[PDB]
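These notes are about the structure you will find just below.
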Ligand SMILES: *Cc1c(COP(=O)(O)O)cnc(C)c1O
Ligand SMILES: *Cc1c(COP(=O)(O)O)cnc(C)c1O
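Protein chains in written order, with the authors' numbering: chain A, 8 to 32, 53 to 371; chain A', 8 to 32, 53 to 371. A prime marks a further copy of an entry chain.
Laid out in structure tokens, this is it:
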């Protein structure tokens with residue numbers, strides 16, 4: 008019974024219904060042709076083999092010899108690699124400096140403008156929120172920026188869909204991506220892609236031969252424990268997003284608590300996400316004398332029914348407060364206090 | 008307790024060890060960096076999000092403005108769609124005519140020659156065996172053809188790896204693909220890709236930024252119930268391939284049995300694969316008077332603990348004899364005999 012705090016898993020905590028559902032192993056059509064689009068607040072929605080898989084879909088789908096794409100400096104690495112695999116020139120829109128590391132809609136506007144000078148920017152993309160500091164840029168404004176520049180906007184909602192309530196039509200962006208195995212409590216490699224219909228005959232184009240298969244996805248009907256789980260949990264996730272406010276509240280408390288404890292949280296302040304990135308000079312000093320040194324932390328927690336931090340990290344690290352019940356939160360806060368006093 | 012005969016599943020029958028393995032949910056490095064390459068008899072091997080996923084990998088990875096690719100007329104539809112998604116011109120090498128529908132290394136040679144006249148054939152591909160009739164072309168010879176033409180050969184072993192023993196180095200082709208969820212007793216969307224090392228810095232190229240991630244796969248470490256199952260069953264599959272001879276024997280018997288029964292098996296004769304495609308004019312006639320008509324078959328079998336044939340098909344259909352124990356085979360043969368006499 009390990010209290011998990013790893014970001015990559017608090018949101019992908021597999022549902023009971025989906026757990027059982029995997030044992031015995053459908054409205055698939057109903058799902059992706061009704062439920063799903065409604066949930067992402069958008070016209071067309073499809074299920075892909077993961078977010079990065081969808082992110083590439085549209086990139087490959089709109090790329091152009093010597094074209095460009097603008098993505099925030101906090102872009103997940105798959106957003107960047109999948110740009111490369113599309114052969115796109117990539118321009119990063121710079122982040123604020125410590126402790127903000129924020130993606131301002133203004134820098135975006137410039138980046139987008141500076142780039143265009145260099146060529147055609149076939150696409151724009153913001154990681155909302157970035158998996159780094161848990162920062163939630165101002166898409167509503169950014170999406171405005173992109174629209175008054177005629178450069179499609181893809182939102183990497185990998186860390187928002189399945190957690191916080193979101194709607195493509197709300198935001199005003201053109202595309203939207205989600206990851207079922209980290210935010211939607213699903214399993215295996217699976218993802219969700221949403222778009223304005225206008226971009227269907229573009230991305231969702233069919234083969235010449237097999238008029239029924241969609242080329243950009245390889246005519247995949249992706250049946251497998253993947254969707255199975257995703258669907259099974261979906262009802263849960265539907266209701267889940269309602270408590271977002273308590274989740275941000277909680278993560279906020281745990282945050283300032285750490286504050287008093289001598290370790291700081293950078294980025295959004297107040298923060299707006301269970302995923303927070305901390306600076307703990309103290310734990311770094313200790314690590315210089317501490318038992319295992321660089322690993323004294325992992326050691327200390329792995330011995331307190333706690334795990335979720337890349338073992339070896341003491342100075343900087345990130346963590347989620349998502350599933351964590353107030354008591355589990357407190358327990359974790361206390362856990363820190365202890366390890367602090369322990370070493371001098 | 009349904010005796011399954013569907014091709015898409017006899018080989019993907021999930022293993023016990025892998026079944027349990029999914030419950031509780053590693054030498055991953057050991058697997059893909061030792062076991063796997065050894066098993067496919069090749070230098071480099073990687074695990075992808077499915078065969079079609081790998082098939083595209085190399086296609087995208089070697090494509091070229093206005094380039095070409097030659098694939099057998101029996102090519103699975105994903106081999107064709109994934110060619111389209113790479114933007115490749117596609118040239119099909121014609122199959123023999125009823126009842127052979129065979130891919131002769133000679134037509135290949137011509138197709139490859141005829142095409143080159145039209146441009147550069149960056150790649151060649153044979154489905155070994157095709158998922159249509161279960162035909163096993165003469166790759167050893169075809170692979171020779173391609174080599175004396177300097178056109179890389181990708182083998183779509185979707186239906187051979189995990190069933191029959193195979194070795195890239197044996198065949199002499201450049202690439203090799205397999206599907207874990209239909210031949211390797213795995214789950215979800217997963218696949219295996221194998222190649223001569225010379226094609227690594229090509230396909231397995233890393234991003235500029237993330238020097239550790241491989242661009243052609245999106246730096247995916249594809250951890251998930253996918254690999255988990257695949258690995259868990261692998262030991263089993265390793266030994267499985269040894270009985271191939273009894274499998275072809277069995278499927279051969281069941282075949283000629285159907286022969287006496289008035290329904291014929293086209294393609295390889297003797298056939299060389301548990302997957303066989305049959306012609307049953309008789310069942311077609313019956314369907315014209317029979318109870319449910321076009322569905323009288325599905326009806327008749329769904330009522331005899333048997334399923335695995337696209338309901339509606341009576342005139343033509345395909346089936347696997349893979350998992351089926353002699354008695355299950357016999358039972359199925361008898362089942363047919365019965366439904367035959369039943370209707371006049
Ligand atoms: C994990 C992650 C992804 C990739 O998710 P997949 O479904 O495995 O491709 C993309 N973006 C962010 C911000 C992530 O954290
Ligand atoms: C099913 C099949 C494929 C596709 O397998 P995936 O792993 O789902 O992409 C490819 N080739 C053949 C011959 C098949 O039968």
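Cβ atoms here follow ideal geometry from the backbone N, Cα and C, with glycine treated the same way.
Give the secondary structure of residue 233 of chain A' by DSSP, where H, G and I count as helix, E and B as strand, and everything else as coil. Sequence index remark: in the second chain, residue 233 of chain A' carries index 206 (1-based). Residue state, collapsed to three classes: strand.
Shorter than 8 Å from the beta carbon of residue 83 of chain A' to some beta carbon of chain A? The residue given as residue 83 of chain A' occupies position 56 in the second chain. So yes, residue 83 of chain A' belongs to the interface.
What is the DSSP secondary structure of residue 95 of chain A, counted as helix, strand or coil? Working through the first chain from its first residue, we reach residue 95 of chain A at position 68. In the structure shown, residue 95 of chain A sits in a strand (DSSP, three-state: E or B).
Secondary structure at residue 227 of chain A', three-state DSSP: helix, strand or coil? Here residue 227 of chain A' refers to the residue found at position 200 when the second chain is read from its first residue. Here residue 227 of chain A' sits in helix by DSSP.
Collapsed DSSP secondary structure at residue 336 of chain A in the structure displayed: The sequence position of residue 336 of chain A within the first chain is 309, counting from 1. Residue state, collapsed to three classes: coil.
Residue 345 of chain A CB to nearest chain A' CB: under 8 Å? Your numbering for residue 345 of chain A matches position 318 in the first chain. Not flagged as an interface residue toward chain A': residue 345 of chain A, since no C-beta distance is shorter than 8 Å.
Closest residue to residue 280 of chain A' among A':264, A':298, A':293 (Cα-Cα distance): As a position in the second chain, residue 280 of chain A' is number 253, starting the count at 1. Among A':264, A':298, A':293, the Cα nearest to that of residue 280 of chain A' is on A':298.
Against chain A, which members of the region 214-232 of chain A' pass a CB distance test of less than 7 Å? 214, 215, 216
Under 8 Å, do residue 141 of chain A and residue 121 of chain A count as touching if we go by C-beta distance? Numbered from its first residue, the first chain carries residue 141 of chain A at position 114. Numbered from its first residue, the first chain carries residue 121 of chain A at position 94. Taking 8 Å as the cut-off, the Cβ atoms of residue 141 of chain A and residue 121 of chain A do not count as close.
May I ask you to report which of helix, strand or coil DSSP gives residue 261 of chain A'? Residue numbering aside, residue 261 of chain A' sits at position 234 when the second chain is read from its first letter. Correct three-state label for residue 261 of chain A': helix.
Distance between beta carbons of residue 170 of chain A and residue 199 of chain A, contact taken as under 8 Å: The sequence position of residue 199 of chain A within the first chain is 172, counting from 1. The sequence position of residue 170 of chain A within the first chain is 143, counting from 1. The Cβ separation is near 4 Å, so the contact holds.
With DSSP collapsed to three states, give me the class of residue 360 of chain A'. Numbered from 1 along the second chain, position 333 holds the residue referred to as residue 360 of chain A'. If DSSP states are grouped into helix, strand and coil, residue 360 of chain A' belongs with the helices.
Output needed for residue 87 of chain A: all residues of its chain with C-beta closer than 6 Å, excluding positions within five of it in sequence on either side, in chain order. Here the question's residue 87 of chain A lines up with position 60 in the first chain. So the qualifying residues of the chain are 113.
Is residue 239 of chain A' near ligand 4, judged by its Cβ being under 7 Å from some heavy atom? With respect to ligand 4, the structure offers nothing, as its ligand set consists of ligand 1 and ligand 2.
Out of curiosity, what's the CA-to-CA distance linking residue 362 of chain A' and residue 277 of chain A'? For the purposes of this step, residue 362 of chain A' is identified with residue 335 of the second chain, where counting begins at 1. For the purposes of this step, residue 277 of chain A' is identified with residue 250 of the second chain, where counting begins at 1. In a straight line, the C-alpha of residue 362 of chain A' is about 17 Å away from that of residue 277 of chain A'.
Against chain A': residues of the region 78-107 of chain A by CB proximity under 9 Å: 79, 80, 82, 83, 87, 92, 104, 105, 107
Cβ of residue 73 of chain A less than 8 Å from any chain A' Cβ? In the first chain, the residue the question calls residue 73 of chain A occupies position 46. Chain A' contact via Cβ: absent.
Is any beta-carbon of chain A found at less than 8 Å from that of residue 242 of chain A'? For the purposes of this step, residue 242 of chain A' is identified with residue 215 of the second chain, where counting begins at 1. Output row for residue 242 of chain A': interface = yes.
First and last residue of the beta strand (DSSP E) that includes residue 325 of chain A? The residue labelled residue 325 of chain A in the question sits at position 298 within the first chain. Counting along the chain, residue 325 of chain A falls outside any beta strand (DSSP E), though it belongs to the alpha helix (DSSP H) covering 323-329.
Cβ of residue 237 of chain A within 8 Å of any chain A' Cβ: For the purposes of this step, residue 237 of chain A is identified with residue 210 of the first chain, where counting begins at 1. Taking Cβ atoms only, chain A' reaches closer than 8 Å to residue 237 of chain A, which makes this a yes.
Start and end residues, alpha helix (DSSP H) containing residue 196 of chain A': Looking up residue 196 of chain A' in the second chain gives position 169. Per DSSP, residue 196 of chain A' belongs to the alpha helix (DSSP H) from 195-198.
Could you run through the region 106-120 of chain A and flag, in chain order, every residue whose CB is less than 7 Å away from some CB of chain A'? 107, 108, 109, 111, 112
Residue 216 of chain A Cβ short of 7 Å to ligand 1 heavy atom set: Locating residue 216 of chain A in the first chain gives position 189, where the first residue counts as 1. Result yes, Cβ under 7 Å from ligand 1.
Straight-line gap, residue 215 of chain A' to residue 65 of chain A (C-alpha atoms, nearest Å): Looking up residue 215 of chain A' in the second chain gives position 188. Looking up residue 65 of chain A in the first chain gives position 38. Rounded to whole angstroms, residue 215 of chain A' to residue 65 of chain A spans 26 Å at the Cα level.
Whose Cβ in chain A lies nearer than 8 Å to the Cβ of residue 76 of chain A'? For the purposes of this step, residue 76 of chain A' is taken as residue 49 along the second chain, with counting starting at 1. Ordered by position in chain A, the residues that pass the 8 Å Cβ test against residue 76 of chain A' are 76, 77, 80, 216.
Presumed contact (8 Å Cβ cut-off) between residue 73 of chain A and residue 59 of chain A, rounded CB distance: Within the first chain, residue 73 of chain A is the residue found at index 46, counting from 1. Within the first chain, residue 59 of chain A is the residue found at index 32, counting from 1. At roughly 6 Å, the Cβ-Cβ gap stays under 8 Å, so residue 73 of chain A and residue 59 of chain A are in contact.
Cα-Cα, which of A:168, A:20, A:105 is closest to residue 133 of chain A? As a position in the first chain, residue 133 of chain A is number 106, starting the count at 1. When only C-alpha atoms are compared, the closest one is A:168.
Using a Cβ distance threshold of 8 Å, determine whether the region 194-211 of chain A contacts the region 66-85 of chain A, with at least three qualifying pairs required. yes
Residue 206 of chain A, DSSP secondary structure in three states: Stepping through the first chain from its first residue, residue 206 of chain A is reached at position 179. Strand.
Looking at C-alpha atoms only, which residue of A:53, A:186, A:310 is the closest neighbour of residue 77 of chain A? Taking the first residue of the first chain as position 1, residue 77 of chain A is located at position 50. Selected option, being the one with the closest Cα: A:186.
Partner residues on chain A' for residue 50 of chain A, Cβ-Cβ distance less than 7 Å: Gap in chain A between 32 and 53; residue 50 of chain A lies inside it and carries no coordinates.
Taking 8 Å as the threshold (beta carbon to beta carbon), is residue 22 of chain A in contact with chain A'? Along the first chain, one-based indexing puts residue 22 of chain A at 15. At a cut-off of 8 Å between beta-carbon atoms, residue 22 of chain A makes no contact with chain A'.
Please find out if some non-hydrogen atom of ligand 1 comes closer than 7 Å to the beta-carbon of residue 154 of chain A. Working through the first chain from its first residue, we reach residue 154 of chain A at position 127. It does: the Cβ of residue 154 of chain A is within 7 Å (strictly closer) of some heavy atom of ligand 1.
Assuming residue 153 of chain A and residue 183 of chain A make a contact with CB atoms under 8 Å, what is their CB distance in whole Å? In the first chain, counting from the first residue as 1, residue 153 of chain A sits at position 126. In the first chain, counting from the first residue as 1, residue 183 of chain A sits at position 156. Residue 153 of chain A to residue 183 of chain A, Cβ: 7 Å. Contact.
CB contact below 8 Å: residue 245 of chain A versus chain A': For the purposes of this step, residue 245 of chain A is taken as residue 218 along the first chain, with counting starting at 1. So, interface residue.
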